[PDB]
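Trainee: My file is work.tsv. It has TSV, C-alpha atoms and all ligand atoms:
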chain	number	residue	atom	x	y	z
L	2	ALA	CA	-41.39	28.55	35.77
L	3	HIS	CA	-40.67	31.82	37.59
L	4	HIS	CA	-37.08	31.95	38.83
L	5	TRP	CA	-34.89	34.84	39.90
L	6	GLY	CA	-32.72	36.41	37.23
L	7	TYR	CA	-31.51	39.67	35.79
L	8	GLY	CA	-34.52	40.54	33.62
L	9	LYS	CA	-37.27	43.12	33.94
L	10	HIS	CA	-39.60	40.95	36.04
L	11	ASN	CA	-37.14	38.73	37.84
L	12	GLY	CA	-34.17	41.06	38.36
L	13	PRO	CA	-32.49	43.04	41.15
L	14	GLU	CA	-35.33	45.55	41.49
L	15	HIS	CA	-37.86	42.69	41.84
L	16	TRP	CA	-35.96	40.29	44.20
L	17	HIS	CA	-37.26	41.97	47.43
L	18	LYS	CA	-40.69	40.36	46.71
L	19	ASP	CA	-39.47	36.74	46.93
L	20	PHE	CA	-36.43	37.51	49.12
L	21	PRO	CA	-37.31	40.41	51.46
L	22	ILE	CA	-33.76	40.46	52.90
L	23	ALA	CA	-32.91	42.24	49.64
L	24	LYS	CA	-33.84	45.40	51.59
L	25	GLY	CA	-31.76	44.50	54.67
L	26	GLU	CA	-29.14	46.43	56.64
L	27	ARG	CA	-26.06	44.65	55.21
L	28	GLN	CA	-26.74	44.27	51.49
L	29	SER	CA	-24.08	43.99	48.77
L	30	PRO	CA	-22.57	45.31	46.56
L	31	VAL	CA	-21.78	48.88	47.72
L	32	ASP	CA	-19.96	51.85	46.25
L	33	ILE	CA	-16.44	52.30	47.60
L	34	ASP	CA	-15.99	56.00	48.38
L	35	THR	CA	-12.21	56.31	48.69
L	36	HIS	CA	-12.53	59.57	50.65
L	37	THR	CA	-14.59	58.14	53.51
L	38	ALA	CA	-13.17	54.59	53.45
L	39	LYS	CA	-10.71	55.12	56.28
L	40	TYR	CA	-7.52	53.11	56.71
L	41	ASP	CA	-7.26	50.58	59.56
L	42	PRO	CA	-3.69	49.83	60.72
L	43	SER	CA	-4.98	47.00	62.94
L	44	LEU	CA	-6.04	44.95	59.87
L	45	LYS	CA	-3.60	41.98	59.73
L	46	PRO	CA	-1.95	41.15	56.35
L	47	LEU	CA	-4.15	39.14	53.99
L	48	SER	CA	-2.97	35.55	53.49
L	49	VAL	CA	-3.95	33.81	50.22
L	50	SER	CA	-2.91	30.14	50.22
L	51	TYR	CA	-3.95	28.78	46.83
L	52	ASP	CA	-0.87	26.62	46.20
L	53	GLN	CA	-2.81	23.35	46.53
L	54	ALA	CA	-6.07	24.64	45.00
L	55	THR	CA	-7.86	21.74	43.30
L	56	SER	CA	-10.48	22.71	40.71
L	57	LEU	CA	-13.17	20.19	39.82
L	58	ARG	CA	-15.67	21.51	37.27
L	59	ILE	CA	-16.81	24.55	35.33
L	60	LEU	CA	-20.59	24.92	35.04
L	61	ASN	CA	-23.36	27.23	33.85
L	62	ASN	CA	-25.92	27.65	36.65
L	63	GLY	CA	-28.16	29.95	34.62
L	64	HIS	CA	-26.89	33.08	36.36
L	65	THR	CA	-23.16	32.94	35.75
L	66	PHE	CA	-20.47	30.32	35.30
L	67	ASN	CA	-18.84	28.78	38.39
L	68	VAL	CA	-15.47	27.05	38.73
L	69	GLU	CA	-15.99	24.57	41.58
L	70	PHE	CA	-13.20	23.57	43.96
L	71	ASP	CA	-12.59	20.56	46.19
L	72	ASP	CA	-13.31	21.96	49.66
L	73	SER	CA	-13.14	18.57	51.43
L	74	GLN	CA	-9.88	19.75	53.13
L	75	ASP	CA	-7.89	22.99	53.79
L	76	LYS	CA	-6.41	23.12	50.24
L	77	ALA	CA	-6.98	26.67	48.97
L	78	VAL	CA	-7.53	28.89	51.94
L	79	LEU	CA	-7.95	32.55	52.83
L	80	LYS	CA	-6.86	33.83	56.25
L	81	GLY	CA	-5.77	37.03	57.91
L	82	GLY	CA	-6.97	40.48	57.02
L	83	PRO	CA	-10.35	41.01	58.71
L	84	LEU	CA	-10.97	37.25	59.12
L	85	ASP	CA	-11.11	35.22	62.33
L	86	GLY	CA	-9.94	31.71	61.46
L	87	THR	CA	-9.67	29.83	58.17
L	88	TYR	CA	-11.97	30.14	55.12
L	89	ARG	CA	-11.86	27.41	52.43
L	90	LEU	CA	-12.22	28.30	48.72
L	91	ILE	CA	-15.31	26.51	47.33
L	92	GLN	CA	-15.93	28.21	43.94
L	93	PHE	CA	-15.26	31.30	41.78
L	94	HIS	CA	-17.46	33.10	39.23
L	95	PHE	CA	-17.76	36.40	37.42
L	96	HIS	CA	-20.23	39.18	36.79
L	97	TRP	CA	-20.07	41.14	33.52
L	98	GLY	CA	-21.90	43.63	31.33
L	99	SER	CA	-23.38	43.86	27.85
L	100	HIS	CA	-20.47	46.22	26.99
L	101	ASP	CA	-17.05	47.03	28.46
L	102	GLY	CA	-18.35	50.12	30.34
L	103	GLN	CA	-20.39	48.19	32.94
L	104	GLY	CA	-20.30	44.81	34.57
L	105	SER	CA	-18.79	45.11	38.01
L	106	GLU	CA	-20.98	44.89	41.10
L	107	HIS	CA	-18.97	47.06	43.46
L	108	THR	CA	-18.02	50.52	42.24
L	109	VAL	CA	-15.08	52.71	43.25
L	110	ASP	CA	-16.08	56.37	43.47
L	111	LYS	CA	-19.05	55.36	41.27
L	112	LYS	CA	-16.71	53.93	38.61
L	113	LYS	CA	-17.95	50.67	37.08
L	114	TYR	CA	-15.48	48.10	35.79
L	115	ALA	CA	-16.02	45.71	32.86
L	116	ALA	CA	-16.45	42.71	35.16
L	117	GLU	CA	-15.91	41.45	38.68
L	118	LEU	CA	-14.50	38.17	39.89
L	119	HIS	CA	-15.69	36.64	43.18
L	120	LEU	CA	-13.72	33.92	44.96
L	121	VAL	CA	-16.12	32.39	47.48
L	122	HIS	CA	-14.82	30.99	50.77
L	123	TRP	CA	-16.56	29.51	53.80
L	124	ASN	CA	-15.45	29.48	57.46
L	125	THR	CA	-14.21	26.13	58.80
L	126	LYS	CA	-15.75	27.01	62.13
L	127	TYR	CA	-18.78	25.41	60.41
L	128	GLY	CA	-19.13	21.94	58.97
L	129	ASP	CA	-19.65	22.94	55.31
L	130	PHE	CA	-20.86	25.72	53.02
L	131	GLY	CA	-24.53	24.97	53.68
L	132	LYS	CA	-24.09	25.65	57.39
L	133	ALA	CA	-21.77	28.65	56.98
L	134	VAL	CA	-23.96	30.45	54.44
L	135	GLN	CA	-26.66	31.02	57.07
L	136	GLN	CA	-24.34	32.73	59.61
L	137	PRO	CA	-23.13	36.36	59.77
L	138	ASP	CA	-19.52	35.17	60.01
L	139	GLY	CA	-19.99	32.34	57.49
L	140	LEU	CA	-18.42	33.47	54.24
L	141	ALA	CA	-15.59	35.55	52.84
L	142	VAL	CA	-15.70	36.62	49.23
L	143	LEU	CA	-12.56	38.01	47.62
L	144	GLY	CA	-13.67	40.53	44.97
L	145	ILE	CA	-11.42	41.44	42.06
L	146	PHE	CA	-12.15	44.01	39.37
L	147	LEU	CA	-11.47	43.29	35.70
L	148	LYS	CA	-10.57	46.14	33.33
L	149	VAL	CA	-10.35	45.70	29.51
L	150	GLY	CA	-6.74	45.99	28.22
L	151	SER	CA	-4.12	43.20	27.98
L	152	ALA	CA	-5.18	39.53	27.54
L	153	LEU	CA	-4.78	37.60	30.80
L	154	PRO	CA	-3.00	34.25	30.24
L	155	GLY	CA	-4.35	32.89	33.52
L	156	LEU	CA	-7.89	33.29	32.19
L	157	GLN	CA	-7.34	31.47	28.89
L	158	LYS	CA	-7.99	27.93	30.17
L	159	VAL	CA	-11.40	29.18	31.38
L	160	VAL	CA	-12.24	31.01	28.14
L	161	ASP	CA	-11.33	28.07	25.93
L	162	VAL	CA	-13.90	25.84	27.68
L	163	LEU	CA	-16.91	28.21	27.86
L	164	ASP	CA	-18.33	26.86	24.59
L	165	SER	CA	-18.98	23.49	26.28
L	166	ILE	CA	-21.27	25.00	28.97
L	167	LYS	CA	-23.22	27.49	26.83
L	168	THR	CA	-26.60	26.81	28.48
L	169	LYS	CA	-27.98	26.38	32.00
L	170	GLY	CA	-27.47	22.96	33.54
L	171	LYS	CA	-24.21	22.04	31.77
L	172	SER	CA	-21.22	21.16	34.01
L	173	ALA	CA	-17.87	20.17	32.46
L	174	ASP	CA	-14.82	18.53	33.94
L	175	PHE	CA	-12.23	21.20	34.75
L	176	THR	CA	-9.23	20.07	36.75
L	177	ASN	CA	-5.83	21.62	37.51
L	178	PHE	CA	-6.88	25.21	37.04
L	179	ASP	CA	-4.69	27.59	39.06
L	180	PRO	CA	-6.70	30.48	40.55
L	181	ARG	CA	-3.49	32.34	41.44
L	182	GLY	CA	-3.30	33.38	37.78
L	183	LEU	CA	-6.41	35.47	38.53
L	184	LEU	CA	-4.85	37.60	41.24
L	185	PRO	CA	-3.23	41.01	40.93
L	186	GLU	CA	0.26	41.56	42.31
L	187	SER	CA	-0.90	43.79	45.19
L	188	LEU	CA	-3.29	42.53	47.85
L	189	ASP	CA	-4.28	45.92	49.26
L	190	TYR	CA	-8.00	45.78	49.89
L	191	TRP	CA	-11.19	47.33	51.24
L	192	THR	CA	-13.41	45.35	53.60
L	193	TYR	CA	-16.95	45.67	55.00
L	194	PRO	CA	-19.69	43.28	56.21
L	195	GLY	CA	-22.26	42.47	53.56
L	196	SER	CA	-24.30	39.89	51.72
L	197	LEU	CA	-24.53	37.56	48.80
L	198	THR	CA	-25.19	39.74	45.74
L	199	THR	CA	-27.68	37.17	44.42
L	200	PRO	CA	-30.64	35.40	45.94
L	201	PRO	CA	-30.84	34.22	48.66
L	202	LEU	CA	-29.03	37.54	49.47
L	203	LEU	CA	-28.02	36.25	52.92
L	204	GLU	CA	-26.04	38.70	55.07
L	205	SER	CA	-23.20	36.30	55.78
L	206	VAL	CA	-20.29	37.76	53.77
L	207	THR	CA	-17.14	39.48	54.89
L	208	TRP	CA	-16.26	41.33	51.70
L	209	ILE	CA	-12.59	41.78	50.75
L	210	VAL	CA	-12.31	43.89	47.58
L	211	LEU	CA	-8.83	44.45	46.13
L	212	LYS	CA	-7.79	47.90	44.92
L	213	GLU	CA	-5.70	46.61	42.00
L	214	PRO	CA	-7.77	45.29	39.06
L	215	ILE	CA	-6.63	42.56	36.71
L	216	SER	CA	-6.49	43.24	32.98
L	217	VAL	CA	-8.37	41.12	30.48
L	218	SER	CA	-8.84	41.52	26.74
L	219	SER	CA	-12.10	42.60	25.12
L	220	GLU	CA	-12.12	39.21	23.35
L	221	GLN	CA	-11.93	37.24	26.60
L	222	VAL	CA	-14.84	39.19	28.12
L	223	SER	CA	-16.83	38.99	24.88
L	224	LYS	CA	-16.55	35.19	25.21
L	225	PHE	CA	-18.31	35.52	28.60
L	226	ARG	CA	-21.21	37.16	26.68
L	227	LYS	CA	-21.59	34.09	24.42
L	228	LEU	CA	-23.06	32.21	27.38
L	229	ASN	CA	-26.84	31.94	27.69
L	230	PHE	CA	-29.01	32.24	30.80
L	231	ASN	CA	-31.49	29.69	29.43
L	232	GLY	CA	-31.30	25.92	29.23
L	233	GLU	CA	-31.24	23.90	26.05
L	234	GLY	CA	-34.72	23.84	24.56
L	235	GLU	CA	-35.64	27.27	25.97
L	236	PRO	CA	-35.65	30.66	24.20
L	237	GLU	CA	-32.14	32.03	23.94
L	238	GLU	CA	-31.19	34.81	26.38
L	239	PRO	CA	-27.53	35.93	26.21
L	240	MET	CA	-25.85	35.94	29.60
L	241	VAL	CA	-24.99	39.63	29.93
L	242	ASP	CA	-25.46	42.24	32.68
L	243	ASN	CA	-25.61	39.66	35.47
L	244	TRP	CA	-24.63	42.20	38.11
L	245	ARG	CA	-26.54	43.82	41.01
L	246	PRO	CA	-26.58	47.62	41.38
L	247	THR	CA	-24.90	48.98	44.48
L	248	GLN	CA	-26.91	49.08	47.69
L	249	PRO	CA	-27.18	51.55	50.58
L	250	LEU	CA	-24.25	51.40	52.96
L	251	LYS	CA	-26.52	52.18	55.97
L	252	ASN	CA	-24.51	52.01	59.23
L	253	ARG	CA	-21.53	50.03	57.88
L	254	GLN	CA	-17.93	51.34	57.54
L	255	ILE	CA	-15.61	50.27	54.65
L	256	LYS	CA	-12.07	49.81	56.06
L	257	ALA	CA	-8.91	50.14	53.93
L	258	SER	CA	-5.84	47.94	54.37
L	259	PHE	CA	-3.55	50.54	52.74
Z	1	ZN	ZN	-39.20	36.50	42.04
Z	2	ZN	ZN	-20.68	37.09	42.69
Produce structure tokens that represent the structure in this file.

Mentor:
Amino acid sequence: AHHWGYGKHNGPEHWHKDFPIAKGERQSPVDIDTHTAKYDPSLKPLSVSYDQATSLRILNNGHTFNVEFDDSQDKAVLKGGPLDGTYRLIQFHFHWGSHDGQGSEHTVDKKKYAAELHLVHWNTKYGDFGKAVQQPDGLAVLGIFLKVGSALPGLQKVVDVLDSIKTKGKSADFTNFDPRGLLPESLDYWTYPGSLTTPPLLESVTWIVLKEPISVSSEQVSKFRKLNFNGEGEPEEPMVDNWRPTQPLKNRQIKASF
């Protein structure tokens, strides 16, 4: 019965009990202090190759909704920037709040955005995601802030299908979705070494967080809130505030690409 979540007795403040790495040296998310985050002119340009991205399904895993990608080959791929080698896109998901004033995981000078998008990639030095997720150089997550304003057309295909995966365990067919519609024009970014922001909280993530947010409408985000954490036949719990508070930076340095 007990499973990790975002509630009072299974949430971020409780995770350390069943996942002691929650209190580790490289935990995510962090606050991005733009005064101390010093620029690095050695950082190579970021390369985002999503032209042949091949989506498979959209699903409710009880924590968020995931858009899964075909990672059998080097289709949609992230290279450059702080990354050694090639990282294959496997899935994307969001974090959001109960209201437009909170919802992001990272903060920028303690500012919270309405939501955060995470594009998850794993390093082809390893055989698959299951092997990479255990290694400090295993994953690269591209983090993108959402701010409420203009409706994003590239998000509409996602929003129009959320009613078919309202509850945990539902996974719908979802092909030919273009993740490039979810990117801002500028790819300037901050980067630091970190972790998964959910259990198992493994410290295997090179974080790449873009400075430019994308704009969504209040209506699009409010559709996110119509999802439920629970499965069919369980008490309803709206899926809201599925974000982790920021964690101590400890000895890490956030580097700017710009
Ligand atoms: Zn627990
Ligand atoms: Zn995430």

Trainee: Quick one: everything within 12 Å of stretch 84-91 of chain L, counting all atoms listed in the file, minus sequence neighbours fewer than 6 positions away in the same chain. Send it as an mmCIF file with C-alpha atoms, in the coordinates of the input.

Mentor:
data_model
loop_
_atom_site.group_PDB
_atom_site.id
_atom_site.type_symbol
_atom_site.label_atom_id
_atom_site.label_comp_id
_atom_site.auth_asym_id
_atom_site.auth_seq_id
_atom_site.Cartn_x
_atom_site.Cartn_y
_atom_site.Cartn_z
ATOM 1 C CA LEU L 44 -6.040 44.950 59.870
ATOM 2 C CA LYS L 45 -3.600 41.980 59.730
ATOM 3 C CA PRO L 46 -1.950 41.150 56.350
ATOM 4 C CA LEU L 47 -4.150 39.140 53.990
ATOM 5 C CA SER L 48 -2.970 35.550 53.490
ATOM 6 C CA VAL L 49 -3.950 33.810 50.220
ATOM 7 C CA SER L 50 -2.910 30.140 50.220
ATOM 8 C CA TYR L 51 -3.950 28.780 46.830
ATOM 9 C CA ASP L 52 -0.870 26.620 46.200
ATOM 10 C CA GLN L 53 -2.810 23.350 46.530
ATOM 11 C CA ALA L 54 -6.070 24.640 45.000
ATOM 12 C CA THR L 55 -7.860 21.740 43.300
ATOM 13 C CA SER L 56 -10.480 22.710 40.710
ATOM 14 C CA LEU L 57 -13.170 20.190 39.820
ATOM 15 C CA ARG L 58 -15.670 21.510 37.270
ATOM 16 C CA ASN L 67 -18.840 28.780 38.390
ATOM 17 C CA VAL L 68 -15.470 27.050 38.730
ATOM 18 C CA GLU L 69 -15.990 24.570 41.580
ATOM 19 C CA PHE L 70 -13.200 23.570 43.960
ATOM 20 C CA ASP L 71 -12.590 20.560 46.190
ATOM 21 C CA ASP L 72 -13.310 21.960 49.660
ATOM 22 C CA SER L 73 -13.140 18.570 51.430
ATOM 23 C CA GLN L 74 -9.880 19.750 53.130
ATOM 24 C CA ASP L 75 -7.890 22.990 53.790
ATOM 25 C CA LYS L 76 -6.410 23.120 50.240
ATOM 26 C CA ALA L 77 -6.980 26.670 48.970
ATOM 27 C CA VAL L 78 -7.530 28.890 51.940
ATOM 28 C CA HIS L 119 -15.690 36.640 43.180
ATOM 29 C CA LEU L 120 -13.720 33.920 44.960
ATOM 30 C CA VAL L 121 -16.120 32.390 47.480
ATOM 31 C CA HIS L 122 -14.820 30.990 50.770
ATOM 32 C CA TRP L 123 -16.560 29.510 53.800
ATOM 33 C CA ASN L 124 -15.450 29.480 57.460
ATOM 34 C CA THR L 125 -14.210 26.130 58.800
ATOM 35 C CA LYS L 126 -15.750 27.010 62.130
ATOM 36 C CA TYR L 127 -18.780 25.410 60.410
ATOM 37 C CA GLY L 128 -19.130 21.940 58.970
ATOM 38 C CA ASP L 129 -19.650 22.940 55.310
ATOM 39 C CA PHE L 130 -20.860 25.720 53.020
ATOM 40 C CA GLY L 131 -24.530 24.970 53.680
ATOM 41 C CA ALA L 133 -21.770 28.650 56.980
ATOM 42 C CA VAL L 134 -23.960 30.450 54.440
ATOM 43 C CA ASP L 138 -19.520 35.170 60.010
ATOM 44 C CA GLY L 139 -19.990 32.340 57.490
ATOM 45 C CA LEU L 140 -18.420 33.470 54.240
ATOM 46 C CA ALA L 141 -15.590 35.550 52.840
ATOM 47 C CA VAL L 142 -15.700 36.620 49.230
ATOM 48 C CA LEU L 143 -12.560 38.010 47.620
ATOM 49 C CA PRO L 180 -6.700 30.480 40.550
ATOM 50 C CA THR L 192 -13.410 45.350 53.600
ATOM 51 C CA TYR L 193 -16.950 45.670 55.000
ATOM 52 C CA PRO L 194 -19.690 43.280 56.210
ATOM 53 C CA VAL L 206 -20.290 37.760 53.770
ATOM 54 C CA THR L 207 -17.140 39.480 54.890
ATOM 55 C CA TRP L 208 -16.260 41.330 51.700
ATOM 56 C CA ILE L 209 -12.590 41.780 50.750
#

Trainee: Near residue L:22, counting all atoms listed in the file, which residues have an atom at most 8 Å away, once you skip same-chain residues fewer than 5 positions from it, shown as a list in words?

Mentor: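 Neighbouring residues, sequence-local ones excluded: residues 17, 202 and 203 of chain L.
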
Trainee: Name the residues in contact with residue L:234 at a cut-off of 10 Å, using all atoms listed in the file, excluding same-chain residues fewer than 3 positions from it; report them as a ChimeraX atom specification.

Mentor: /L:168,231,237

Trainee: Quick check, in Å to one decimal: how far apart do atom CA of residue L:215 and atom CA of residue L:156 lie?

Mentor: 10.4 Å

Trainee: Using only C-alpha atoms and all ligand atoms, find each residue with an atom at most 9 Å away from ligand ZN 2 (chain Z) and format the answer as a ChimeraX atom specification.

Mentor: /L:65,93-96,106,117-121,142,144,197-199,244

Trainee: Check which residues fall inside 9 Å of ligand ZN 1 (chain Z) when counting only C-alpha atoms and all ligand atoms, and print them as a PDB file with C-alpha atoms, in the coordinates of the input.

Mentor:
ATOM      1  CA  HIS L   3     -40.670  31.820  37.590  1.00  0.00           C
ATOM      2  CA  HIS L   4     -37.080  31.950  38.830  1.00  0.00           C
ATOM      3  CA  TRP L   5     -34.890  34.840  39.900  1.00  0.00           C
ATOM      4  CA  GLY L   6     -32.720  36.410  37.230  1.00  0.00           C
ATOM      5  CA  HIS L  10     -39.600  40.950  36.040  1.00  0.00           C
ATOM      6  CA  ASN L  11     -37.140  38.730  37.840  1.00  0.00           C
ATOM      7  CA  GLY L  12     -34.170  41.060  38.360  1.00  0.00           C
ATOM      8  CA  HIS L  15     -37.860  42.690  41.840  1.00  0.00           C
ATOM      9  CA  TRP L  16     -35.960  40.290  44.200  1.00  0.00           C
ATOM     10  CA  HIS L  17     -37.260  41.970  47.430  1.00  0.00           C
ATOM     11  CA  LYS L  18     -40.690  40.360  46.710  1.00  0.00           C
ATOM     12  CA  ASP L  19     -39.470  36.740  46.930  1.00  0.00           C
ATOM     13  CA  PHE L  20     -36.430  37.510  49.120  1.00  0.00           C
TER      14      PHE L  20
END

Trainee: State, in Å with one decimal place, the distance from atom CA of residue L:39 to atom CA of residue L:249.

Mentor: 17.8 Å

Trainee: Check the smallest atom-to-atom distance from each of L:214, L:81, L:239, L:13 to residue L:108 using only C-alpha atoms, then report the winner.

Mentor: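 Of the candidates, the smallest distance to residue L:108 is held by L:214.
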
Trainee: Give me the residues within 8 Å of residue L:64 as a list in words, counting only C-alpha atoms and dropping any in the same chain fewer than 4 places off.

Mentor: residues 6, 230, 240 and 243 of chain L

Trainee: Can I get the selection written as a compact mmCIF listing (two decimals), in the frame of the given file, with C-alpha atoms?

Mentor:
# COMPACT_ATOMS: atom_id res chain seq x y z
CA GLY L 6 -32.72 36.41 37.23
CA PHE L 230 -29.01 32.24 30.80
CA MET L 240 -25.85 35.94 29.60
CA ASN L 243 -25.61 39.66 35.47

Trainee: Write out as JSON, numbers by chain the residues lying within 8 Å of residue L:167, counting only C-alpha atoms and excluding same-chain residues fewer than 2 positions away.

Mentor: {"L": [61, 163, 164, 165, 169, 171, 227, 228, 229]}
